[PDB]
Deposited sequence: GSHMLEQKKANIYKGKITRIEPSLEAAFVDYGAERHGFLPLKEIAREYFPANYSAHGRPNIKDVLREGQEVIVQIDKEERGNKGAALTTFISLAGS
């Protein structure tokens, strides 16, 4: 159940993170530390790594809570593997 194709909506350099529409109303939060090198450009900051509109494969590490979007990661948990 816990896997999504997310679109980067907004990049926030002051948080070194991006907001992601993964199909919830609340955008998810994807910090630079949670971005796999497959997404890195051909010590980058978030602005160098992601761009609005691009899609990422994410899972939820922390559900929506209080006023916060889900904390997302691109490091997908896969059994056996």
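### Deposited-sequence ranges lacking C-alpha coordinates, in sequence order
In sequence order, the gaps with no modelled C-alpha are 1-9, 52-57.
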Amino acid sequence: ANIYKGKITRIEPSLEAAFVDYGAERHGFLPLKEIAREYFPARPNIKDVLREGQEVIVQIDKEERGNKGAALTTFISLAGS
From here on, numbers count along this sequence of modelled residues.
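### Query
Of 48-56 and 26-34, which one has the bigger average CA B-factor?
Taking the mean C-alpha B-factor of 26-34 and of 48-56, the larger value falls to 48-56.
### Message
Sorting by Cα B-factor within the chain, modelled residues only, which third would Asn67 end up in: lowest, middle or highest?
### Response
CA B-factor rank for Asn67: highest third.
### Query
Thinking about Cα B factors across the chain, which third does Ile8 belong to?
According to the entry, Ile8 has a C-alpha B-factor in the chain's middle third.
### Query
Is the Cα B-factor recorded for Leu78 in the lowest, middle or highest third of its chain?
For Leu78, whose C-alpha B-factor we compare with every modelled residue in the chain, the answer is the middle third.
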